[PDB]
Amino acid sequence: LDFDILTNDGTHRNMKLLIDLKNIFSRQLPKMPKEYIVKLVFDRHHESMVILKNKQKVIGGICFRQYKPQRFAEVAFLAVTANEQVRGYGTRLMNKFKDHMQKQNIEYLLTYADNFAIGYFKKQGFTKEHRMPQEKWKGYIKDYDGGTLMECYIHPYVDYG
């Protein structure tokens, strides 16, 4: 059970894992155009941290994009495969993600959420009220009126993990 960063480096090994992850995303996020998930998962700007069981099996993951200069990252997709849910993996993944983001000198996590997800992200520490200057993400993160923008502050020395 490892939580590794996975990126499109063009190798058969990583590529397969990214596809497996992409397939989990689509099955777990039916309202999302599959081709859209594909585009973000394999683009130059996005990265994926995956939950790997004994070295060759993706059971979950989180695809995100860092805006280094700005020191914030947007969560694009998050999911755990059906037969592995309710085992605490999704929470350990988020914890692992925040710890990694902290080491990456990232100050805030932003993610759009809707319906049930808002409550889920509140449990992970995300809030509707942003302490981060709005003009910091404006122009980098698309502004959608139909979605609730949520943020999680990553304190430099709070232990997430």
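Note that the rigid core is defined as the largest set of C-alphas that superpose within 1.5 Å between two forms. From 1 onward, residues are counted along the sequence shown.
Across the superposed structures in 6 other deposited structures of this protein, aligned by the core, the stretch whose Cα atoms lie more distant on average is 109 to 117, chosen from 109 to 117 and 29 to 37. Here the stretch with the larger average CA B-factor, out of 127 to 135 and 38 to 46, is 127 to 135.
Relative to one another, 86 to 94 and 71 to 79 have unequal mean CA B-factors, and 86 to 94 is the one with the higher figure. Sorting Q104, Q56, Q66, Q28 by the CA temperature factor given in the entry leaves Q56 at the top. Sort the chain's modelled residues by C-alpha temperature factor and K22 lands in the lowest third, per the entry. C152 sits in the lowest third of its chain by CA B factor, as recorded in the PDB entry.
Annotation for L110: C-alpha temperature factor in the lowest third relative to the rest of the modelled chain, per the entry.
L52: CA B factor in the highest third of modelled residues in this chain (values from the PDB entry).
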